[PDB]
Amino acid sequence: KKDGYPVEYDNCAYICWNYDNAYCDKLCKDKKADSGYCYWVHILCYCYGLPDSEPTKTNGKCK
């Protein structure tokens, strides 16, 4: 398991709906994580307990 910002190709994270924590929680759980929230500093969804196989953000900008 891992915690992090889930991404789509390539290295592009999921922006929150507004600043909605519930949105990110649902998104994260649909990706099989334990939970998630909207990190307001970046306005991105952050997940707790993603599967090891789910891609997460690394050092790098969105393609």
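The residue numbers of chain A are those assigned by Swiss-Prot, with the residues present covering 20-82 sequentially.
Looking at the header, which is where the method is noted, we find X-ray crystallography, 1.9 Å.
Cβ coordinates are placed from backbone N, Cα and C, and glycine is handled just like the others.
The domain 'LCN-type CS-alpha/beta' annotation in Swiss-Prot covers 21-82 and rests on sequence analysis. The feature disulfide bond is assigned by Swiss-Prot to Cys31-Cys81, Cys35-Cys57, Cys43-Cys64, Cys47-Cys66.
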Exercise. Relative to the Cβ position of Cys64 (disulfide bond), how many further Cβ atoms are located within 10 Å?
Worked result: 26
Seminar exercise, completed: If we take the Cα of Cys66 (disulfide bond) and draw a 10 Å sphere, the disulfide-bonded residues of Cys35, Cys57, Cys81 inside it are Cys57
Seminar exercise, completed: The rounded CA-CA distance in Å from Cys31 (disulfide bond) to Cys57 (disulfide bond) is 15
Problem set entry | Integer Å distance between the CA atoms belonging to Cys35 (disulfide bond) and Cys81 (disulfide bond) | 15
For this session: Looking only at C-alpha atoms, tell me how far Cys64 (disulfide bond) is from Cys47 (disulfide bond), rounded to the nearest Å.
Result: 8
Problem set entry | the domain 'LCN-type CS-alpha/beta' (21-82) - residue tally per DSSP class, helix then strand then coil | 10 helix, 22 strand, 30 coil
Problem set entry | Inter-residue Cα distance where the pair is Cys57 (disulfide bond) and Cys43 (disulfide bond), in Å | 6
Seminar exercise, completed: Min neighbour Cβ count (10 Å) across disulfide-bonded residues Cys57, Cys81 flags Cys81
Problem set entry | Residue with minimal Cβ packing [other Cβ atoms within 10 Å] among the disulfide-bonded residues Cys31, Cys35, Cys43, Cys66 | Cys31
For this session: List the same-chain residues at least 6 positions away in sequence whose Cβ sits under 8 Å from the Cβ of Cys47 (disulfide bond), in sequence order, or say none.
Result: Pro25, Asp53, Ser54, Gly55, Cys64, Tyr65, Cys66, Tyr67, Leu69
